[PDB]
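The lines below spell out each chain.
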Amino acid sequence: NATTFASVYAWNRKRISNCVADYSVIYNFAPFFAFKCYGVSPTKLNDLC
Amino acid sequence: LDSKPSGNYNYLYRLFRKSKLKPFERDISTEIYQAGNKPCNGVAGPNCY
């Protein structure tokens, strides 16, 4: 939920860690076109470190 | 003998079954795929693997 994002060529990098993982707030938005979860099943994130 | 000039695409394998298998068990059925945080119902489109 930021007013300004980055462009496709100048894609941003944000490193955030040392925290509670909090995979529940990310489902706040309804109109999600894609929620691709290759590699890790979308419901088994909340117990991984 | 088993290889074909037209390709043996008929042979299949059930890699993506949901729950666990026990040794010496028989599992051949329709095997509908219902995963994700949504009811797939077999006809949705997002997660009909």
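Each chain carries its own residue count, beginning from 1 and running in the order its sequence is written; this scheme need not agree with the entry numbering, and residues with no coordinates do not appear. For this description, chains carry letters from A and ligands carry numbers from 1, given in the order in which they are written. The displayed chains are a subset of a larger assembly; all values refer to this subset. In computing side-chain properties, one takes all heavy atoms of the structure into account and sets aside hydrogens as well as water.

- In terms of determination method and resolution, the entry is listed under cryo-EM at 4.34 Å.

- In the nomenclature of the PDB entry, chain B corresponds to Spike glycoprotein from the organism Severe acute respiratory syndrome coronavirus 2.
- The title field of the PDB entry reads "XBB.1.5 spike protein in complex with ACE2".

- Per the PDB entry, chain A carries the name Spike glycoprotein and comes from Severe acute respiratory syndrome coronavirus 2.

1. A closer look at the layout of surface pockets
Phase 1: Throughout, the protein atoms alone are placed on a 1 Å grid, and a set of points is a cavity if a 1.4 Å probe fits but cannot get out or a pocket if it is open with protein on both sides within 12 Å along at least five of seven lines; lining residues have an atom within 4 Å of a point. Grid points are joined across faces, edges and corners, and a volume is the space filled by probe spheres set on the points. Taken as a whole, the largest pocket encloses approximately 1,000 Å³ of empty space.
Phase 2: Around the largest pocket sit 29 residues that line it, and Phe-35, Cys-37 and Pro-42 of chain A together with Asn-47 and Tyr-49 of chain B are the ones nearest its centre.
Phase 3: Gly counts as polar in this scheme, as do all residues outside two lists: the nonpolar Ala, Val, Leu, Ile, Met, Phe, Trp, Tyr, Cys and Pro, and the charged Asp, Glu, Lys and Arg. Split into classes, the residues belonging to the lining of the largest pocket amount to 21 nonpolar, five polar and three charged.

2. Section: the pattern of salt bridges
All names here are of chain B.
Phase 1: We define a salt bridge as a side-chain nitrogen of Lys or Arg found within 4 Å of a carboxyl oxygen belonging to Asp or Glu. Under the definition given, this model contains two salt bridges over all chains.
Phase 2: As a salt-bridge pair, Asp-27 and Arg-14 come within 3.9 Å of each other at their nearest N and O atoms.
Phase 3: The salt bridge involving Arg-17 is made with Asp-27; its shortest N-O contact spans 2.4 Å.
Phase 4: We call a residue buried when its accessible area falls under 20% of the maximum for its residue type, exposed when it is over 50%, and partly exposed in between, using a 1.4 Å probe and counting protein chains only. With relative accessibility at 14%, the residue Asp-27 sits in the buried group.

3. Comments concerning the packing of aromatic side chains
The description of an aromatic ring pair rests on the distance of the ring centres and on the angle between the ring planes.
Residue and element names in this part refer to chain A.
Phase 1: Within 6.5 Å between ring centres, the rings of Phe, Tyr and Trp (the latter by its six-membered ring) count as paired, and their orientation is classed by plane angle as stacked under 30 degrees, edge-to-face over 60, tilted in between. Throughout the structure, instances matching the rule amount to two aromatic pairs over all chains.
Phase 2: A centroid spacing of 6.3 Å and a plane angle of 25 degrees characterise the contact between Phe-29 and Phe-32, whose relative ring orientation is stacked.
Phase 3: Assessed through its relative accessible area of 46%, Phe-29 is described here as partly exposed.
Phase 4: What makes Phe-32 partly exposed here is its relative accessible area of 38%.

4. So, a nonpolar patch on the surface
Phase 1: Patch membership requires over 30% relative accessible area and the absence of a salt bridge. Like charges are linked within 9 Å, and nonpolar side chains (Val, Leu, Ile, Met, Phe, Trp, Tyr) within 5 Å. The protein chains shown are the only cover counted for residues, whose accessible areas, like all others here, come from Shrake-Rupley with a 1.4 Å probe. On the surface, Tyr-23, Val-25, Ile-26 and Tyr-27 of chain A cluster together into a nonpolar patch covering about 370 Å² of accessible area.
Phase 2: Residue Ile-26 of chain A is classed as partly exposed on the basis of its relative accessible area, which comes to 43%.

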